[PDB]
């Protein structure tokens, strides 16, 4: 580029910066092409072009001005890239602001979507504010290749589409530009199918939607509604390995954590809306907005000390009672809680408070509701036509055709969308087995094998691997979490190693072992010591997340206290011993709302949590217990640096079944950070109980779940214990401990104590 052209850009004299900024083809070779990417990045000292899908990164050079950058790259196609921009000591990674010069679908857009590889398809499908022929308006576009006709109906035309009939391009996608309408426009698509039947559909790629049970889509100027402040969070994320950090997740269903009064408006970020009543049977109650949740949930979580909030599915869904797991509006956060910019604010405020956001994401199926994806264009478009692979009959839902390019594209681009537009830090997928198996919940003779005679759903495995490959290339540093309940191998291993590419898997066998164990009267736990220890046998085959989820405190399973045997004191004590054990056992941590304060009743998705319980001491003490346990977890490296390495854990003794005692070490990089953990899973106290330790010195009683401030009896070692030179459990030194009833101790060597 010339200095004249550079200065035109710098001084805002250029007639159209898209002529020179962005990606431009320079020349075509035999087997490749030469491209330049240009950027004007005021205040940046350095930049790079990342091609994350090729695992390449190229520096940009300043050309004529220190803040004008060019990068020449040779490659056959340059469809997928990011700019890394350094401004002083800080780096950000963004999409190129000059990537798309028009709002309409190009030929290239259509080709990439036809192949399934358009990672930013949602910039062109759906509804977008833009300019065509010199006039501002909205561009609509929708994939409906077998439709006979499609029209845009909406507020702007009184729901009559005759003068807003769309144009079909390339026998596949319908489009329309509508001048002078903008964000807030309410619309649907009116489709006629090959039989001549006329019906109405929400926008598959819609960004916002009326409040259930109304289904119209709503136009959102998604890049001009919210100003983020989370660059430093995002930078630290990208540059960090979350597997080596503390990850303590507070699992939340947004609709049932806390309700407000329906006698007042729902406040929004600078605005308000009418209240959303929770149900016709509880009409005095309304949902809190994303804005109110940012003001209330976030400081709650921060004070409790969790590192992450995991949300049950927030994608648009028509029925409260599905919990979010039957989604019909994949590209929009539910309007129960307000607007897209209110959820953006929630995520930005989490990041400001150093809390990450993990979304449950639901790619496995979709319900049959007529407004949604089903039989979309008058054929089986999103779902597979064969019900043996296309329907989950026991659930009444439909299964995406994962092998179909444009369907795979809808879902792969949708995962990316949430990280792009909403800055989230991770996803979790429930019931991954529902995708992986062609015989899932199907009787003999009602499914068919794959092309090699097996039960593996090949197309779904390929889709899952593609999602995880892409997500980690575009957004290193995220969490991708699976629940898979059939012992499918290598769930949380890289794709290149034959994995599914997740980085964490819920340890469902651990959850079953623990909750079954603690439900046993303590005298009988001696017959089930194996429940305590078994999950370490297979532990190193995956990277495990220890999750006690919403699914475990519904349907007659009781909340945590109600699972435990004994009198009220003992029920509490069992809860503290389980969770102390959970937080010291190798693996990351997840627990669900209400567990932290000892709610007695099961989770009820139709009301809010029983917050009045926190007026009472035993609930306050249990909440303090979790506040202190989360603090300890973040403070002690040996509870999180080596979760997934043999070094991080070793049993000391786990043979004393008769007294349901077990003990173990956790380690980190510094040997002085090693912790001794001792568990007593009966109410029998022990005045003298010997445990082997690896070094001489004073072992501070760093944590004791029987402390009085947690509701315990206050038994323990009065600060700590000097080790004896008395060999025990195959170690040279040993502690003669007092073991409190139904309690866990954590001890730590203080190599500076005065003898």
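Numbering follows the first chain given and starts at 1.
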Between 71-79 and 448-456 (mean CA B-factor, as deposited), the higher: 448-456
Please compare 350-358 with 679-687 and say which has the higher mean C-alpha temperature factor in the record. 679-687
Residue selected from 203, 383, 487, 316 by maximal Cα B factor: 487
Tell me which of 409, 270, 261, 543 tops the list for C-alpha B factor in the record. 270
Assigned third (lowest, middle, highest) for the C-alpha B factor of residue 57: lowest
What third of its chain, lowest, middle or highest, does the C-alpha temperature factor of residue 65 fall into? middle
What third of its chain, lowest, middle or highest, does the C-alpha temperature factor of residue 171 fall into? highest
Per the entry's values, where does residue 398 land by CA temperature factor relative to the rest of its chain, in the lowest, middle or highest third? middle
Split the chain's modelled residues into thirds by Cα B-factor; residue 40 lands in the middle
